[PDB]
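Have a look at the structure below, then the notes.
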Amino acid sequence: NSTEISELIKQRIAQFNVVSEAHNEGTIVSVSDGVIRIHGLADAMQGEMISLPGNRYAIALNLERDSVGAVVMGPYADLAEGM
Amino acid sequence: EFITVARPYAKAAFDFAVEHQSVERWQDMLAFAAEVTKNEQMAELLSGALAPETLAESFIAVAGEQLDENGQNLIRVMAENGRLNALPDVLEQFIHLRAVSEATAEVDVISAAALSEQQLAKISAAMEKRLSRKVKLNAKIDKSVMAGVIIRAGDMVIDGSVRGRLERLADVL
Amino acid sequence: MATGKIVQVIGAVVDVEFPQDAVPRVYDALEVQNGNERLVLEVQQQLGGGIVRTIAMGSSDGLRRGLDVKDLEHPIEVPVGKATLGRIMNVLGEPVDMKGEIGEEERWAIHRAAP
Amino acid sequence: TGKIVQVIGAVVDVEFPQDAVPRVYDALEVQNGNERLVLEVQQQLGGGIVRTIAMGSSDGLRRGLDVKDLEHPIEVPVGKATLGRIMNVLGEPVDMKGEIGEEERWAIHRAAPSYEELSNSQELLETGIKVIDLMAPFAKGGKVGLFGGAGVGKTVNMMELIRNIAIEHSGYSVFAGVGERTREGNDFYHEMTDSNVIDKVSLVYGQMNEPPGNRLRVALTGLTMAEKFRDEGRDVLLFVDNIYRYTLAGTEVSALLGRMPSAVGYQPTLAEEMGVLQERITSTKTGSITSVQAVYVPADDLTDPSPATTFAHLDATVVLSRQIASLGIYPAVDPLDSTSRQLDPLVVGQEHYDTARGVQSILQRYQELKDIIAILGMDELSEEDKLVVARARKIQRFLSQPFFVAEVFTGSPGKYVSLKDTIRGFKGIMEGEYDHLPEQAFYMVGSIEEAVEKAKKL
Ligand SMILES: Nc1ncnc2c1ncn2[C@@H]1O[C@H](COP(=O)(O)OP(=O)(O)OP(=O)(O)O)[C@@H](O)[C@H]1O
Ligand SMILES: [Mg+2]
């Protein structure tokens, strides 16, 4: 009964359209003092340039299990959660 | 590890299931909730920082085999504290607390070769007097012990393997 | 329409939860009814989950959990120019003398970049 | 088999199937772009996660890379195949020459020799250097530490010791560069090749450009080569270019390893990490290691934990003072803080022992007078107190010496001074035979005869 509920779950998540972010793409989770936390970016690498909205970058300093920690190469204050 | 934070939720759910005389159902519900927790798409959603209520109602969406009145609530309580990854451990403690409540024990037996029913009788009948519980044996006989038997219940262990005697003798060096 | 609600109050530090698609940017100004006066909050951090963390620009006493919060979308804005001369103001640009309203022509945001 | 699951600075976490988890100190391997990166296992976390330090640059590592499990520790070439060559922490050749003709490789993590194995020795080893073998002489098979702040002279002193000891000694030698200057590695290598002495010397370099994992384990690569030559039954000289960098590379990784900070923010394990390194550098009944270590002293604070722990490890300790060096007295040895286990009447004999304690007593009394002199001036002293000062100042100058390696700075030619000439000179000054000479007569002269010839021309 386990494999049929395991595939029913695969059907249901598809019905409700819940799906991953694309690799190389992510969202800002939190913003403080120019430090940025990002969820996603499953293909980001240590010390990469992450392009932000506008025309600016953050530098990936930590690849945590659930997030990337990054610092903004410029003014940070216009950034927002969910960009 | 989620073992400590699963404890409060596991107890609540069991006492409630007792007062509502519905323990078998819940165990089925927690098993379902623990499998949606493992789905690879949901495991990204559960890791990202959604707001608790936007996450919970999205979690409730992917289960329709849940008792909504009592089972959606459980999910909503765990979501409000971010706990949903503890569901596979909440399940195992619900099963554990149930077996203590049913005064019943699983016991594992390991030997160089398969036992007779008469030996399995004497083992079970002894362990029920050791534990003062009912017992249910399983036998997981092994390639490396060359004679004798091991008995494990809970974490108490009795060893009569010759493997254990050869080392326990060499220890007297 | 107010869109946030207060979720913690620990001295001067006030936490407010907004809808996920509406979270104020840093250094913005919020306002709330502290009973019979409007109290301004300045945003310091965006935390996870729509919660923002703010410093009260006034007395924190008498705030409840669950009060409604209006998100003014600009920073703190103050009156400027000739109308300010000879007037005393607080940090919010409200007159602290008794001498009536300031005849402002513009209000500028206080947080801006250098030349 | 493994997957990378976190990358935090120098530290990489790897997940393995729970039946296959690597042992502590295993080497792992991962492809990082167009090169191969080794990781060393530090800790087993739960759930098959294992926490590791990168032996190289960790930038460009993704999460989710496949990691290969090597079944063994980091193992380095040892024996005569290593002689005359420059090697990496991983024991790779770093000179442009071919592969190392190894016959054997040894794991860099080893246990110290047992208490039964150790050997005592009292054979005094002579040096060219007036202050060192007068005040803090040392034996064949002993440990010496040169303590000092930034720029005080630790390296120039060790370069005279290499010149004096390691060329009248006949056996093999190991020089370990640990977190020091790459220029000075290149400079040292060329003077060894120009002198054709290179073929007796093994060089391990992990200089200060290298990422922390290299700086931490290069010390152990250096010892493992010296332990091969010792166990072969030889007498070996080990030079360590800065031991402090071993501890500091531990500090840099320790927070990322998840360990609560201690004291002045050091790792909590500081004394064990130092102790397990230091105990391997011992002479044994099979063979001997003579060791010289430079010990950087951060912010000149001799009471900082890292200097303080190092002092119990060593047999002779020479302390270099910025306050003396700014006089331009070189070597800037402080004789009131430098000390040795060998300054004992039984081993040195009485004439040496009495001369050293006389010098120590006069120079101590001069420190006691300087706070009087600083306010009142010297005229207020007693006529015996003035004689202590007049002698102590001569003694401080006569402790100075021209080094052969220093000629590129001083210009004036280097001097080698016998132990017989040093004790005779200081004993003569303290007896007052020379109280008619000026202070400048004693500055930078090799022997007491050279002082009287300098005095004739003032
Ligand atoms: N005996 C000496 N004669 C002349 N100059 C010296 C002598 N000893 C040291 N000095 C001067 O001190 C300076 C630095 O000495 P050295 O390079 O040995 O310090 P160091 O050990 O490298 O210090 P650090 O490792 O902290 O940089 C050099 O300019 C050197 O000329
Ligand atoms: Mg140096």
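Just so we're on the same page: first chain in the structure tokens is A, next is B, and so on; residues restart at 1 for each chain, and ligands are numbered from 1 in the order they show up.
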Let's see if you can do this: from backbone DSSP, list all strand (DSSP E or B) residues in chain A, as number ranges by chain. A: 26-32, 35-40, 45, 49-52, 56-63, 68-72
If you run DSSP on the backbone here, which positions in range 4-69 of chain A get helix (DSSP H, G or I)? Please write them as a PyMOL selection string. chain A and resi 4-15
Within 8 Å of ligand 1, which residues show up when you count only C-alpha atoms and all ligand atoms? List them as JSON, numbers by chain, please. {"D": [148, 149, 150, 151, 152, 153, 154, 155, 156, 157, 158, 180, 242, 294, 296, 325, 328, 330, 331, 332, 401, 402, 403, 405, 406, 407, 409, 410]}
For chain B, which residues have at least one atom within 12 Å of chain A, if we go by only C-alpha atoms? Write them as a PyMOL selection string, please. chain B and resi 28-29+31-51+55+57-65
Output file for the selection above: N, CA and C atoms, as a compact mmCIF listing (two decimals), in the first residue's frame:
```txt
# COMPACT_ATOMS: atom_id res chain seq x y z
N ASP B 28 -2.21 5.22 10.93
CA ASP B 28 -2.30 5.30 9.48
C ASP B 28 -2.14 6.73 8.98
N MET B 29 -2.75 7.69 9.66
CA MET B 29 -2.65 9.10 9.29
C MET B 29 -1.23 9.62 9.44
N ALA B 31 1.52 7.84 9.35
CA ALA B 31 2.30 7.22 8.28
C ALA B 31 2.15 7.95 6.96
N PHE B 32 0.93 8.35 6.60
CA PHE B 32 0.71 9.12 5.38
C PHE B 32 1.41 10.48 5.44
N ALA B 33 1.24 11.18 6.55
CA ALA B 33 1.90 12.47 6.79
C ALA B 33 3.42 12.37 6.74
N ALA B 34 3.99 11.26 7.19
CA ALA B 34 5.43 11.02 7.11
C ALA B 34 5.93 10.69 5.70
N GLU B 35 5.08 10.18 4.82
CA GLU B 35 5.47 9.96 3.43
C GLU B 35 5.41 11.22 2.55
N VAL B 36 4.38 12.05 2.70
CA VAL B 36 4.38 13.34 2.01
C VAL B 36 5.56 14.21 2.45
N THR B 37 6.01 14.05 3.69
CA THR B 37 7.19 14.74 4.18
C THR B 37 8.45 14.35 3.41
N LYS B 38 8.50 13.14 2.88
CA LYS B 38 9.66 12.68 2.13
C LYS B 38 9.67 13.05 0.65
N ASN B 39 8.54 13.47 0.08
CA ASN B 39 8.49 13.77 -1.35
C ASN B 39 9.46 14.89 -1.72
N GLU B 40 10.22 14.65 -2.79
CA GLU B 40 11.35 15.50 -3.18
C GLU B 40 10.93 16.94 -3.51
N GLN B 41 9.74 17.15 -4.05
CA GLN B 41 9.27 18.51 -4.31
C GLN B 41 8.86 19.19 -3.01
N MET B 42 8.14 18.47 -2.15
CA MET B 42 7.72 18.98 -0.85
C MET B 42 8.90 19.25 0.08
N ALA B 43 9.96 18.45 -0.02
CA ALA B 43 11.16 18.66 0.78
C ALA B 43 11.88 19.99 0.49
N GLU B 44 11.76 20.52 -0.72
CA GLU B 44 12.22 21.90 -0.96
C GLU B 44 11.26 22.90 -0.33
N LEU B 45 9.97 22.72 -0.54
CA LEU B 45 8.97 23.62 0.04
C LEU B 45 9.08 23.67 1.56
N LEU B 46 9.24 22.52 2.21
CA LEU B 46 9.40 22.46 3.66
C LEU B 46 10.67 23.13 4.14
N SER B 47 11.71 23.17 3.33
CA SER B 47 12.96 23.79 3.75
C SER B 47 12.92 25.31 3.57
N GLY B 48 12.31 25.80 2.51
CA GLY B 48 12.19 27.24 2.34
C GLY B 48 11.31 27.86 3.41
N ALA B 49 11.56 29.15 3.66
CA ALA B 49 10.86 29.96 4.67
C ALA B 49 9.55 30.57 4.18
N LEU B 50 8.59 29.70 3.90
CA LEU B 50 7.21 30.14 3.81
C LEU B 50 6.68 30.50 5.19
N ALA B 51 5.70 31.40 5.22
CA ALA B 51 4.95 31.63 6.44
C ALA B 51 4.18 30.39 6.87
N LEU B 55 2.29 27.56 4.38
CA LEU B 55 2.89 26.23 4.30
C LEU B 55 1.91 25.15 4.73
N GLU B 57 -1.54 25.09 4.94
CA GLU B 57 -2.65 24.89 4.02
C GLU B 57 -2.19 24.29 2.69
N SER B 58 -0.94 24.50 2.31
CA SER B 58 -0.35 23.80 1.17
C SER B 58 -0.01 22.36 1.51
N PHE B 59 0.31 22.09 2.76
CA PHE B 59 0.53 20.73 3.23
C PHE B 59 -0.79 19.98 3.32
N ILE B 60 -1.82 20.62 3.87
CA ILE B 60 -3.14 20.01 3.97
C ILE B 60 -3.68 19.69 2.58
N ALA B 61 -3.24 20.43 1.58
CA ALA B 61 -3.74 20.23 0.22
C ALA B 61 -3.32 18.87 -0.31
N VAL B 62 -2.08 18.46 -0.01
CA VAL B 62 -1.50 17.23 -0.54
C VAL B 62 -1.92 16.02 0.28
N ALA B 63 -2.73 16.19 1.31
CA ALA B 63 -3.32 15.05 2.00
C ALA B 63 -4.83 15.21 2.07
N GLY B 64 -5.55 14.22 1.54
CA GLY B 64 -7.00 14.13 1.63
C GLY B 64 -7.43 12.87 2.33
N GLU B 65 -6.45 12.13 2.84
CA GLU B 65 -6.66 10.91 3.59
C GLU B 65 -6.49 11.15 5.08
```
Could you jot down the CA of residue 168 in chain D to CA of residue 339 in chain D separation for me, Å, one decimal place? 24.6 Å
